[PDB]
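Taking the form deposited without its partner chain, here's one chain by itself in structure tokens.
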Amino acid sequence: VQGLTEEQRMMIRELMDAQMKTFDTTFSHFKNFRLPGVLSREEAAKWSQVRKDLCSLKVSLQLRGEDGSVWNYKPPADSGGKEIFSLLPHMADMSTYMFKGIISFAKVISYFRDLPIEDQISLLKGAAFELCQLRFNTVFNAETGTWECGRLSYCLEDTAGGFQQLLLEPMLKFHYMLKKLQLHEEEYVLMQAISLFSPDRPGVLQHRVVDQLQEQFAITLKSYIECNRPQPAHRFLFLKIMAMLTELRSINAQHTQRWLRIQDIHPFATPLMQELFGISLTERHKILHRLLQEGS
């Protein structure tokens, strides 16, 4: 701590405080979510692409009850029909809940609250998926391929190629790679800040304020790693993290294209997802605007 500047210690403290106040790790407040029910050449190419997007990210769901009970949902196998979409309604509700936690996270950060509200909208539109993925990595169990979200657990379905086959999916490789770095909470939340305060997000106007903010978060991260991470296992850690943030932005662009594909074929998005991912600003994004004006 003494190795960091006082401004840098306050920056990590506010980011850590914001994370604790806005990250519902146990999903204890995630309720009323939908669940899978009890039960043309061009169009063929479009469906074929979507079938690969959803098959790569195939998971079973486990719903854990406070009483000790466990509901487990194993997805249908792909027969070429719309059974590939059985879990989309649930994943949209759960993603929307995560996005609302990310929005609250940003609202509590002084540096973000001061910015113009159109930039607050533009930065959240550009980073929502990325910060959600960073938070999901902190609950990812790489031994079991499971995101352990308290009452909800999402387990990757076993495939033919095994581990190697799943690593061909950039989203999954990112989670396995990032988990291997064994990052601290402080390093995760600084990653979130660097991603959030990206000057080159579409629609940003205060490119220069955001860029100066981003640089200070990165400098703080580098300083933290130097004052707390001396082992040879952590050599070049800062640069590794920065490289993973660059990979996360590429995965963010890939996700947007997958989302517009799946939305065209089978609309699944909630109103908040459509605002985040579906591009005057405040008027086109009425939910974000409201949430950003509301209190914490």
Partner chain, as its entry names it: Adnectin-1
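Positions refer to the first chain, counted from 1.
We do not show the form solved in complex with its partner chain, though everything after this point is about it.
Contact with its partner chain in the bound PDB entry, defined as a heavy atom within 4.5 Å, holds for exactly one of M98, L166, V209, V108, namely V108. Interface residue among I121, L156, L172, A92, judged by heavy atoms within 4.5 Å of its partner chain in the bound PDB entry: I121. At the 4.5 Å threshold, heavy atoms of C132 stay clear of its partner chain in the bound PDB entry, well away from it. Its partner chain in the bound PDB entry comes within 4.5 Å of a heavy atom belonging to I117. Although the partner is absent here, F112 is a contact residue: one of its heavy atoms lies within 4.5 angstroms of its partner chain in the bound PDB entry. Its partner chain in the bound PDB entry comes within 4.5 Å of a heavy atom belonging to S104. Within 4.5 angstroms of its partner chain in the bound PDB entry, the stretch 6 to 27 places a non-hydrogen atom from each of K21, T22, taken in sequence order.
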